[PDB]
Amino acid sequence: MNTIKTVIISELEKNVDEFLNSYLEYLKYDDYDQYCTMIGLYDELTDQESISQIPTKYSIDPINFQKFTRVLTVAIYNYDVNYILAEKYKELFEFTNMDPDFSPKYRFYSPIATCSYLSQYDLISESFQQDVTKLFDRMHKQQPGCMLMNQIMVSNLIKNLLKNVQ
């Protein structure tokens, strides 16, 4: 609402919403309804207190809250620029035990394609970090050249805009 960084964050979160909406295709019944409730709330998941209160405040099962946070971390990985989203959700990474400094060498993949591959991984696996690392690597090897250049153009343009304090 205020600065360039806050507006960029809100715009990146709009794309995080679309990423999370793409995963909804693979959820059903009550898990679908709890996940939808989480999409409209995750920007509160910035401190350990709020992280522990909202699953019970909004009646979300601990397993569904666990699975949502892991899909949210992959979304953050896909849309982050200069770790501004990883820093904002600093305490979310401490809750889900995932690397806050990981960043794939290419970002802004298709949310439909990314969730299509993510749908066949065990979200709460102890090896989920390396599963995410292999997921972006596979999409990198698969991606045509024109798409990758578009992806680095998006990241570079946002990086240049963030350098503008004056």
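When you see a residue number, it is the position in the sequence shown, counting from 1.
Q) So 27-35 or 106-114, which one's hotter by mean CA B-factor in the entry? A) According to the entry, 27-35 carries the higher average C-alpha B-factor.
**Q.** Comparing 51-59 with 137-145, the one whose average Cα B-factor in the PDB entry is higher
**A.** The deposited B-factors put 51-59 ahead on the C-alpha mean.
Q: Check where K5 lands among this chain's C-alpha B-factors and tell me if it's the lowest, middle or highest third.
A: CA B-factor rank for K5: middle third.
Q.
Split into thirds by Cα B-factor across the chain's modelled residues, where does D80 land: lowest, middle or highest?
A. Ranked within chain, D80 CA B lands in the lowest tercile.
Q) By its CA B factor, does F68 count among the lowest, middle or highest third of the modelled residues in the chain? A) Answer is middle: the recorded C-alpha B-factor places it there.
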